Amino acid sequence: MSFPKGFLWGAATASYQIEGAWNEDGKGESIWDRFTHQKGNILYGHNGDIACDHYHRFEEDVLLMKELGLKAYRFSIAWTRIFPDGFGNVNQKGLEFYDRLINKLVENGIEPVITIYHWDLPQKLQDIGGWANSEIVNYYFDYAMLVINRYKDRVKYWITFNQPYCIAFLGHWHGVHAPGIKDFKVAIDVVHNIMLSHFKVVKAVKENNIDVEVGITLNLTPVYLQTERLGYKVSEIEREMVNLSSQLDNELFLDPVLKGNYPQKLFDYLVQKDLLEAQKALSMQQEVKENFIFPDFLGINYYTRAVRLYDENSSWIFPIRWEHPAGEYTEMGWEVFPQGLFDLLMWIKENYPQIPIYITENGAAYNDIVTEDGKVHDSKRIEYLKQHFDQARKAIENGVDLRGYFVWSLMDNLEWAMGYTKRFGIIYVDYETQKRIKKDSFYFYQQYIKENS
Ligand SMILES: OC[C@H]1O[C@@H](O)[C@H](O)[C@@H](O)[C@@H]1O
């Protein structure tokens, strides 16, 4: 069973994680510039001031992509490089960088896939409440339409948002991501404003007859029951409560994007527990129904699963706990579970309308060391990729409309609050010299693309 003709074998990055040049050429301050410049937020006080210096070295990086034989390259645009203040003055030097990057990609036969928002909100917009302020929808819209209109001739695939779960909950509930806010109700407001922002862009692309594909990227976590792993009888309350908990991860974002409503079971529970105001629940349902429009593709970020069970006295917002099955784990503490990719894809196929699917991120963090001969023998990363590739092939064989696969990541980069301590690249980056070293996984992926295209 072969991968389809034209399958987009890719690699992915995000602007804040690789670009550096955080205050060059009139670039405004982002919430991640602010967050990493405050003590106690990032391991080892790492920041994205320099990162992989991709802003200056993009030409050499594109050459590595060509050598690799990528069909596509997924990256994000830094809003603050285009509108330093979020709205108003457009920065010509910002636009010129992405002009040069995109042209270089096109010259090398690589399909650009652009994430419009990958977490780096302008701090000036955060100053007025960021994603919690419904004015953000229009500011985002103007930014998105500017870049789409400028690049639509060279860029066919656009992703409105990457991982709304993180933007909302990690950014505004747990506060482990920028902007570091800790309020569940604010986080739900953010979810809603993201959905409206997304819908507005999809609508404008259709209504203005812009010939591009617009999607959104969600991290999805397939949830499994510890009780079933153990062979016990599953109680009704357990199944119900674990289902609720997994709706927070998955359905809360899939349902509005693909069906035009929020999951009602989740909302009923959140209102009952005074985690969501009854009025807001009704308004959110109505506004999403009014503005809903089906997208052109679904982007899925997949890394691992979760195993859960009922626990009446848990400190989580649902009475559930997590369990840790035996097996292999990455430096992130994430279970290596390729089967979860297959189960997830089949579950999307069976429970949602037909839609093309791209795996916009999948990869693994291992503690790479460079040998004396200047190599990186990341055989565990290779095994991780090989097994997930195989599950993707199996999903295709079972009728999933999978159209691409982007490895996270093209190169080692700043892993947000974990700093540079987590290496996901198929290319090693020595942060002292900015040298790029092709890992063994680079050559494995190169070969894999060659024999599956
Ligand atoms: O946490 C590892 C990776 O998770 C993904 O879901 C995010 O989109 C990436 O930006 C991040 O580097």
Side-chain angles (χ1 to χ4, degrees), residues 1-13 64-75 105-106 108-113 155-159 212-213 215 217-220 222 258 295-305 336-364 378-410 424-427 438-453:
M1 186 73 198
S2 299
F3 284 90
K5 284 185 200 165
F7 195 79
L8 291 189
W9 289 112
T13 67
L64 283 162
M65 308 179 198
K66 183 53 207 278
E67 167 174 8
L68 178 56
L70 292 183
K71 304 302 187 192
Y73 169 64
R74 170 174 178 244
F75 66 95
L105 289 163
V106 165
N108 285 270
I110 303 162
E111 284 289 342
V113 182
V155 181
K156 165 166 207 221
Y157 301 99
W158 295 82
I159 295 157
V212 296
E213 314 294 301
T217 275
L218 312 178
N219 54 280
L220 299 179
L258 298 175
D296 297 319
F297 65 87
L298 174 69
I300 290 172
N301 292 354
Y302 176 75
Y303 291 98
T304 194
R305 62 148 169 195
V336 175
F337 193 69
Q339 184 204 306
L341 178 55
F342 176 81
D343 293 351
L344 172 67
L345 289 173
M346 294 304 295
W347 179 84
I348 298 289
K349 177 171 169 72
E350 286 149 11
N351 291 101
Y352 292 95
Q354 217 301 123
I355 188 171
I357 297 164
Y358 297 83
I359 291 153
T360 42
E361 283 175 38
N362 172 253
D378 58 334
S379 60
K380 301 268 185 68
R381 189 172 290 105
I382 288 172
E383 185 58 17
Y384 180 100
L385 290 175
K386 185 188 280 197
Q387 286 175 295
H388 287 79
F389 292 168
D390 194 63
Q391 291 302 301
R393 181 194 301 276
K394 182 175 181 215
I396 287 163
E397 186 163 46
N398 280 250
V400 176
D401 189 17
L402 189 68
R403 295 214 188 158
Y405 198 118
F406 292 75
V407 169
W408 187 273
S409 171
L410 175 62
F424 276 95
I426 58 174
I427 298 169
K438 290 168 268 179
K439 309 184 186 172
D440 289 356
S441 56
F442 177 100
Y443 300 105
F444 158 80
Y445 193 30
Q446 176 185 65
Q447 182 65 17
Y448 199 86
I449 295 168
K450 179 168 190 168
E451 43 195 39
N452 292 277
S453 56

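Count residues from 1 along the sequence.
Looking at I359 and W408, their side chains never come closer than 4.5 Å, going by heavy atoms from C-beta outward. Side-chain contact check for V400 versus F342: every heavy-atom pair is 4.5 Å or farther apart. Side-chain contact check for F7 versus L402: some heavy-atom pair is nearer than 4.5 Å. Using a 4.5 Å heavy-atom cutoff, the side chains of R74 and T360 are in contact. Counting heavy atoms from C-beta outward, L68 and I427 have side chains that stay 4.5 Å or more apart. Inter-residue side-chain proximity for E67 and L64 is flagged as met; some heavy-atom pair is nearer than 4.5 Å.
For the atom pair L105 CG and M65 CE, the distance stands at 5.5 Å (nearest 0.5 Å). Atoms CG and CG, on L220 and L341 in that order, are 10.5 Å from each other to the nearest 0.5 Å. Note that the CD atom of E350 and the CG atom of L345 stand 10.5 Å from one another [nearest 0.5 Å]. In this structure, CD in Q391 is found 9.0 Å from OH in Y302, a value given to the nearest 0.5 Å. Summarising the geometry, atom CG belonging to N398 is positioned 4.5 Å from atom CE belonging to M346; distances are rounded to the nearest 0.5 Å.
Not counting sequence neighbours, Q387 has no partner by the side-chain hydrogen bond (donor to acceptor under 3.5 Å, both in side chains) test. Among residues two or more places apart in sequence or in another chain, the side-chain hydrogen bond (donor to acceptor under 3.5 Å, both in side chains) test is passed with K394 by none. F406 meets the ring pair (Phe, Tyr, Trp, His ring centres under 6.0 Å) test with no other residue; sequence neighbours excluded. In terms of the side-chain contact (heavy atoms from CB on, under 4.5 Å) criterion, residue partners of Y352 (sequence neighbours excluded) are, by chain and number, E251, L254, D255, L258, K259, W347, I348. By the side-chain hydrogen bond (donor to acceptor under 3.5 Å, both in side chains) test, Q354 pairs with no residue at all, sequence neighbours left out. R393 is linked by a side-chain hydrogen bond (donor to acceptor under 3.5 Å, both in side chains) to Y448, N452, counting only residues two or more places apart in sequence or in another chain.
Between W9 and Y445, the ring-plane angle classifies as perpendicular under the 30° and 60° cut-offs.
Proximity of a side-chain donor or acceptor of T217 to a complementary backbone N or O of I300 within less than 3.5 Å is not detected.
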Check the pair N362, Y405 against side-chain hydrogen bond (donor to acceptor under 3.5 Å, both in side chains), reporting the backbone distance first and the verdict last.
CA-CA 8 Å; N362 172 253; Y405 198 118; 2.6 Å; yes
